[PDB]
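Colleague: Okay, here's the structure, questions in a sec.
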Amino acid sequence: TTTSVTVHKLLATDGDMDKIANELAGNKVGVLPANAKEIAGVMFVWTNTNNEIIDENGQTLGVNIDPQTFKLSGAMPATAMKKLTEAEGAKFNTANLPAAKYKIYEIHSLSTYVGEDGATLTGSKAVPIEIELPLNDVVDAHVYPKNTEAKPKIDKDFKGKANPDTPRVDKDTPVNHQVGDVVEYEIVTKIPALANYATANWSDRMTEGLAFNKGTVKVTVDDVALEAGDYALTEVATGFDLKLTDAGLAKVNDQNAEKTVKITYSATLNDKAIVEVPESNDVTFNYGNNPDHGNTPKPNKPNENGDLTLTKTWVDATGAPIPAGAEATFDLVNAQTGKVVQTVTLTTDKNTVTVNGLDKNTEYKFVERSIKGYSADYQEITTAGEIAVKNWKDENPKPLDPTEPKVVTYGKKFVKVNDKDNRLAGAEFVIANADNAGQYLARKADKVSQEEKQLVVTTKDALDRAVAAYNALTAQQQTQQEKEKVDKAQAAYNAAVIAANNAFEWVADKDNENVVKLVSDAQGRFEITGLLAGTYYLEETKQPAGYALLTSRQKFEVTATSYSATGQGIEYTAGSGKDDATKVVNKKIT
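Quick note on numbering: the sequence shown equals residues 33 to 56, 62 to 627 in PDB author numbering.
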């Protein structure tokens, strides 16, 4: 008794779609919402309740549509019930159709969305229409489907480099940076047209070797800077949390075009950066038509014995305790490398899981594999070896988590020897950028604390006592025990120097308080860390006892693997097996 069904494609906001919803599938909607626009050129096809494309008499055509992909079995049949919308919609003749349930799908690829004023627009495909005929006592039915939810797009990269559509592919390859370098970052987010977000939050956390620079965050929407009342910015040592306020959400929601949100900020590479170990940041976009309590994973180091424990709690959107919703799966990721180490699953009876045999010096993160209707809230790290997640039944889509670029420092190891190839203590050195003129590698004092500075001084004084006492001994009095005393003293000075070295610079004075001095221990060991790859010149400032002061500077090469590669000339430690250091040969006075 429903002779015709007219399908209308609309591009409207949710609110306008809700104005239509309550005002009726049914009768023609007389007055359409204010800004809601009807679109012509939209291809709709009718199917069986079992998704099979149908003829006008209701007879199947051997081709079916996938409920979630809309990809059809084979060729679009010539006899199929397909019609293109007019600014009046697609009026189909349902007269020959039996009383039954039918579905109406949109073939998005076949459609050319043309708006009210003839403009060729771009929109989201419609949610399939499940309708039963006769549509009560309606002779000429009208159906107003809702469109699908377009996914937002993101990317995190270095300033300029970010692209949400086509993010860079070589992100694992870390950029070489020296200690104290400011790393300029970019987060680019594309928010879809006509969005109705209750929450648009960006969350950034980095590894301990990257120090987020507070007050560098600059947010813009379609290259127009945001007012401070559009977003709420929380800033910490490890990163930040930017959450769009109602004012800022107005600038991204119900827009006629795709919105582009740009987030720029920076972080300084520090003393806690490990040589040839990359440092990363980690962004997540927690969007939703519902308030969202989700954020970015927070990295953490395992405990002393190499154990990292995950704790999980579940709450409704209100924050009230609920039983465990599903089997929560997590990825244990090396927060520096980005590679997945292990995979953990919490069964619905357990709310804790522990990982064993992890490097205590590496940062790891548990990245929850999305649960339908639940949002992951990684709580603030309070201790090593322990990670907490609060799971909120926010009923929102999975967050966006782009791939992040990595940064890395290089080093070089050295061993102080004589011509007989015997190991020497107390030789002191400087690093010059050139053999002729050339400044000396120093610490940026402004960046280094008074306490830090002073420990370098006292640990240097303590080391010279250990070196003097060792030179005081005879060749046979210099036992492994007497050697170890110089090593303990040296290891403390080298630890102090690295700690004070949180920014480098080049200075004229080879004996300026801030000049980086390297001292050879009882095994002749001495290293430099936090450098850009390149050519340097090691200069001797104090010779070892009984040897001559060297007249020429030893040239050296800092590479991506100069600290760790074998085939260098001499073993840096004892029984390490790696031939991971360069010889510095001292000659006797004549």
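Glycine included, each C-beta is placed from N, C-alpha and C at the ideal position.
Taking C-beta to C-beta, are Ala618 and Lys450 nearer than 7 Å?
Modeller: For the purposes of this step, residue 618 is taken as residue 581 along the sequence shown, with counting starting at 1. For the purposes of this step, residue 450 is taken as residue 413 along the sequence shown, with counting starting at 1. Taking 7 Å as the Cβ cut-off, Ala618 and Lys450 qualify as a contacting pair.
Colleague: When the Cα of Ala506 is compared with those of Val444, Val100, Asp524 and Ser407, which residue comes out closest?
Modeller: Position 469 of the sequence shown, counted from the first residue, corresponds to residue 506. It is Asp524.
Colleague: At which residues does the alpha helix (DSSP H) containing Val504 begin and terminate?
Modeller: Within the sequence shown, the letter at position 467 stands for residue 504. Element bounds for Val504: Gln487 to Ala509.
Colleague: Assign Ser110 to one of two classes, buried (16 or more other C-beta atoms within 10 Å of its C-beta) or exposed (fewer than that).
Modeller: To locate residue 110, count along the sequence shown from 1; it is residue 73. Classification for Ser110: exposed.
Colleague: With distances taken Cα to Cα, identify the nearest neighbour of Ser599 among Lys190, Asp414, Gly99 and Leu569.
Modeller: Residue mapping note: residue 599 aligns to position 562 of the sequence shown, counting from 1. Cα-wise, what sits closest to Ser599 is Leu569.
Colleague: Quick one: Cα of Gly217 to Cα of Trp543, how far?
Modeller: Here residue 217 corresponds to residue number 180 of the sequence shown, with the count starting at 1. Here residue 543 corresponds to residue number 506 of the sequence shown, with the count starting at 1. Taking the straight line from one Cα to the other gives about 13 Å.
Colleague: On a CA-only basis, which of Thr116, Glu143, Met118 and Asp291 is nearest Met49? Give me that one, please.
Modeller: Here residue 49 corresponds to residue number 17 of the sequence shown, with the count starting at 1. Of the candidates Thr116, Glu143, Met118 and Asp291, the one whose C-alpha sits nearest the C-alpha of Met49 is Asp291.
Colleague: Excluding the 5 residues flanking residue 57 on each side, which residues of the same chain have their C-beta closer than 7 Å to its C-beta?
Modeller: Because the chain is numbered from 56 directly to 62, the model contains no atoms for residue 57.
Colleague: Do the segment 87 to 97 and the segment 307 to 315 touch if we need at least three Cβ pairs shorter than 8 Å?
Modeller: No: fewer than three Cβ pairs fall under 8 Å.
Colleague: For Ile468, which residues does DSSP report across the bridge?
Modeller: Taking the sequence shown and counting its residues from 1, one reaches residue 468 at position 431. Bridge partners of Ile468: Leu575.
Colleague: Can you tell which of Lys376, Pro211, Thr35 and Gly325 has the C-alpha that lies nearest to the C-alpha of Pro135?
Modeller: For the purposes of this step, residue 135 is taken as the residue at position 98 of the sequence shown. For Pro135, the nearest C-alpha among the options comes from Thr35.
Colleague: Does DSSP classify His40 as helix, strand or coil?
Modeller: Mapped onto the sequence shown, residue 40 falls at position 8. In the structure shown, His40 sits in coil (DSSP, three-state: anything other than H, G, I, E or B).
Colleague: Can you list, in chain order, the residues of its chain with a C-beta nearer than 6 Å to that of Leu587? Leave out the 5 residues immediately preceding and following it.
Modeller: Residue numbering aside, residue 587 sits at position 550 when the sequence shown is read from its first letter. Contacts found: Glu577.
Colleague: Could you check what DSSP says for residue 61 in three-state terms: helix, strand or coil?
Modeller: The residue list of the chain ends a segment at 56 and starts the next at 62, so residue 61 has no coordinates to report.
Colleague: Using 8 Å for Cβ pairs, my map puts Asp278 next to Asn332. What's the rounded Cβ distance?
Modeller: Position 241 of the sequence shown, counting from 1, holds the residue named residue 278. Position 295 of the sequence shown, counting from 1, holds the residue named residue 332. That belief holds up - the Cβ atoms of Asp278 and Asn332 are roughly 7 Å apart, short of 8 Å.
Colleague: Give the secondary structure of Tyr530 by DSSP, where H, G and I count as helix, E and B as strand, and everything else as coil.
Modeller: The count along the sequence shown starts at 1 and reaches residue 530 at position 493. Residue state, collapsed to three classes: helix.
Colleague: In terms of residues, what are the limits of the alpha helix (DSSP H) holding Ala287?
Modeller: Taking the first residue of the sequence shown as 1, we reach residue 287 at position 250. From DSSP, the alpha helix (DSSP H) with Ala287 extends over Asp283 to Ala287.
Colleague: Could you pull out every residue in the same chain whose Cβ sits closer than 7 Å to the Cβ of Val261, ignoring the five residues on either side in sequence?
Modeller: For this step, residue 261 is matched to residue 224 along the sequence shown. Nothing meets the Cβ criterion.
Colleague: Quick one: measure Cβ to Cβ for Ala363 and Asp431, integer angstroms, because I've assumed they're closer than 8 Å.
Modeller: Taking the first residue of the sequence shown as 1, we reach residue 363 at position 326. Taking the first residue of the sequence shown as 1, we reach residue 431 at position 394. Not a contact, Cβ separation roughly 14 Å.
Colleague: Could you spell out the range, first to last residue, of the alpha helix (DSSP H) harbouring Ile52?
Modeller: For this step, residue 52 is matched to residue 20 along the sequence shown. First-last of the alpha helix (DSSP H) with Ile52: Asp48 to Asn54.
Colleague: Would you be able to state if there are at least three C-beta pairs under 8 Å between the segment 228 to 239 and the segment 289 to 305?
Modeller: Contact holds: three or more Cβ-Cβ distances are below 8 Å.
Colleague: Under the rule that 16 or more other beta-carbon atoms within 10 Å means buried, what is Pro581, buried or exposed?
Modeller: Here residue 581 refers to the residue found at position 544 of the sequence shown. By the 10 Å Cβ count, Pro581 comes out buried.
Colleague: In the DSSP assignment, find the unbroken beta strand (DSSP E) run with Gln515 in it and report its ends.
Modeller: Taking the first residue of the sequence shown as 1, we reach residue 515 at position 478. Run containing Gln515: none; DSSP gives neither H nor E here.
Colleague: Can you have a look at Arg590 and say buried or exposed, based on whether 16 or more other CB atoms are within 10 angstroms of its CB?
Modeller: On the sequence shown, position 553 is the one that residue 590 refers to. Classification for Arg590: buried.
Colleague: Am I right that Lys349 and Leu383 are in contact with their C-beta atoms under 8 Å? What's the rounded C-beta distance?
Modeller: The residue labelled residue 349 in the question sits at position 312 within the sequence shown. The residue labelled residue 383 in the question sits at position 346 within the sequence shown. The pair is a contact, with the Cβ atoms about 6 Å apart (cut-off 8 Å).
Colleague: Between the segment 597 to 614 and the segment 474 to 494, can you find at least three pairs of beta-carbon atoms closer than 8 Å?
Modeller: No: fewer than three Cβ pairs fall under 8 Å.
Colleague: For the beta strand (DSSP E) containing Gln591, name the first residue and the last one.
Modeller: Along the sequence shown, one-based indexing puts residue 591 at 554. Taken as a continuous stretch (DSSP letters only), the beta strand (DSSP E) holding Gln591 covers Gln591 to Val595.
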